[PDB]
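Chains as they are written, first to last, in the entry's author numbering: chain B, 2 to 107, 113 to 219; chain A, 3 to 109, 112 to 159, 164 to 218. Positions of the beta carbon are idealized from the N, C-alpha and C atoms, including for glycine. What follows is a single structure, written as structure tokens, with notes after it.
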Amino acid sequence: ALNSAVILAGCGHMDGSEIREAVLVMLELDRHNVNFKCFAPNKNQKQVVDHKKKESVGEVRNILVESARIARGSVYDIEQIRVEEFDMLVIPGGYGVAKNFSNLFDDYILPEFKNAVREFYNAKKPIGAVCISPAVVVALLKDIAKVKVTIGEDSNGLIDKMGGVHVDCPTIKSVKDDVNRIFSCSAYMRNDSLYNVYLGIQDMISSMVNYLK
Amino acid sequence: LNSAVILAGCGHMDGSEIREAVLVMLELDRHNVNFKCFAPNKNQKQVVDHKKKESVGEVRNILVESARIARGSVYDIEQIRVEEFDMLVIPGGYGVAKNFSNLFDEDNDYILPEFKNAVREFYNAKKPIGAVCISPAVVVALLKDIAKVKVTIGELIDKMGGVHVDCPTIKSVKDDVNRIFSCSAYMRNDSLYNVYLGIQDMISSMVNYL
């Protein structure tokens, strides 16, 4: 009987969660008969972005209200998460994850998020992270672990600087840190096709599920 | 092969159904069909807080919100060149009915001309039109005057001027005569993978047809 938490940061790749990554994470959890629950913090987004003009705008949106779009309404305040009810955690990417849960691209990490991910980590429960999310996971774990992830290619040495180890990985595959139970894939870190992005997410969720079995 | 995709916003209660739109795009890509997304440049009729599930007093633009689903690559539907496409798919979402039509309003029957005209162009050119969830009901209504088409919405199509064929979430329906293709998706509270299975069948049918 398998359950996964999914943490969302809004609804959109420029100010929230990457919508395709979130949908594909939920599709593959469901393909594996893993039930899930979505969580988000009840806070304003750092920015709202017009995704057609690709410009920030003077309008305000709540991360949890917007995440309810992706969740079709079934999204819960992250302060309400009971980690014992889940076997694993998946964090889709999107610029909002980095912008809304950290200052690491503006070291601070939104406490309710750090605490949630640390609770999964300290309970030895697999954590999956897509796109930029692996960088945020590395950073929030860096004082207690040096974890291994991919963000695709890291010519700038971001993961090393954040206190982890980077593994180069194609869009269609994923990376497993089998000591720290951290799983990752690169997805829209590259300007690749949706089908290839999906192949990588499919491998990540598979690997997490096989780990629990 | 090239497909148009029409979007009505970003969210199942006031725009396009996000899962349906993403899963349609995944299957087009799967079958190496290129696509372009289109939306009208007009405000949504409502903005719905998807957490409380109530309309709220905010104003959002259909095309700007559709750009979230399209990662930026969405174009004003008034610019659609139908001759550049082999087929059209319309994901569902309550926004497709509420933003493009008065058909589900409390109080004289009407469809947004730029949407009505684009879909008619496809039909009149003998090009497959695929529709998910509530969208087949809107397609039936907009063709009513020139055709009585067969669609599924799973288990109102009579009232709108069409003919309904029952279909499981995991399958799809084809009106071979009128080149209309449909699947039921979130018309039932079914699992996300089951909804996927029917969108997959629909797209595979449209592609296999061509």
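- Leaving aside the five residues that flank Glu118(A) on each side, the residues in its chain whose CB is nearer than 6 angstroms to its CB run, in chain order, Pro42, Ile79, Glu80.
- In this chain, the beta strand (DSSP E) harbouring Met89(A) covers 89-92.
- Shown in chain order are the members of the region 46-57 of chain A whose Cβ falls below 7 angstroms from a Cβ of chain B: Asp51, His52, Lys53, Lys55.
- Fewer than three beta-carbon pairs drawn from the region 19-36 of chain B and the region 42-56 of chain A are found closer than 8 angstroms, and the two stretches are therefore not classed as touching.
- For the pair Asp107(A) and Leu146(A), the Cα-to-Cα distance works out to about 16 angstroms.
- Straight across, the Cα-Cα distance linking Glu86(B) with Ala2(B) is about 11 angstroms.
- Around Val215(B), the same chain offers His33 as residues with beta carbons nearer than 6 angstroms, after the five sequence neighbours per side are excluded.
- In the structure shown, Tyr114(A) falls within a coil segment according to DSSP collapsed to helix, strand and coil.
- Between the alpha carbons of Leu200(A) and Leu28(B) lies a distance of about 6 angstroms.
- In the three-state reduction of the DSSP assignment, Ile133(A) falls in the strand class.
- Straight-line spacing of the CA atoms in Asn202(A) and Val91(A) works out to 19 angstroms.
- For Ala69(B), the nearest CB of chain A lies under 8 angstroms from its own CB, placing it at the interface with that chain.
- Contact check between the region 188-198 of chain B and the region 130-139 of chain B: three or more CB pairs, one atom from each, fall below 8 angstroms, which counts as touching.
- As DSSP reads the structure, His33(B) sits in no beta bridge.
- Scanning chain B for C-beta atoms nearer than 8 angstroms to the C-beta of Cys137(A) yields nothing, as the closest lies near 12 angstroms away.
- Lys182(B): not part of any alpha helix (DSSP H); member of the beta strand (DSSP E) spanning 181-183, first to last residue.
- Residues of the same chain with a CB within less than 6 angstroms of the CB of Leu30(A), apart from the 5 flanking positions on each side, are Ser5, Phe37 in chain order.
- Under the Cβ distance rule, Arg196(A) does not count among the residues neighbouring chain B, no pair being separated by less than 8 angstroms.
- In the three-state reduction of the DSSP assignment, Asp166(A) falls in the helix class, which pools H, G and I.
- Here the alpha carbon of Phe126(A) sits roughly 26 angstroms from the alpha carbon of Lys53(B).
- Contact annotation: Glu159(A) and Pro93(A) have beta-carbon atoms that are not nearer than 8 angstroms.
- Contact between the region 164-174 of chain A and the region 203-214 of chain B is absent: fewer than 3 CB-CB pairs across the two stretches fall below 8 angstroms.
- Using beta-carbon distances, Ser18(B) does not count as an interface residue toward chain A, since no partner is under 8 angstroms.
- Partner residues in a beta bridge of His14(B), as assigned by DSSP, do not exist.
- Residue pairing by DSSP places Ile188(B) opposite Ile133(B), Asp183(B) in a beta bridge.
- Around the beta carbon of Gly13(B), a 10 Å sphere encloses 16 or more other beta carbons of the protein chains shown; the residue is thus reported as buried.
- The alpha-carbon separation between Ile82(B) and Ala122(B) amounts to approximately 8 angstroms.
- For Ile138(A), the three-state secondary structure derived from DSSP is coil.
- Annotation for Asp51(A): the continuous beta strand (DSSP E) segment containing it runs 49-51.
- Counting along the chain, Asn4(A) sits inside the beta strand (DSSP E) bounded by residues 4-8.
- Taking C-beta atoms as the reference points, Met89(B) and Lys130(B) fail to come closer than 8 angstroms.
- Rounded to the nearest whole angstrom, the CA to CA distance from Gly169(A) to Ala10(A) is 23 angstroms.
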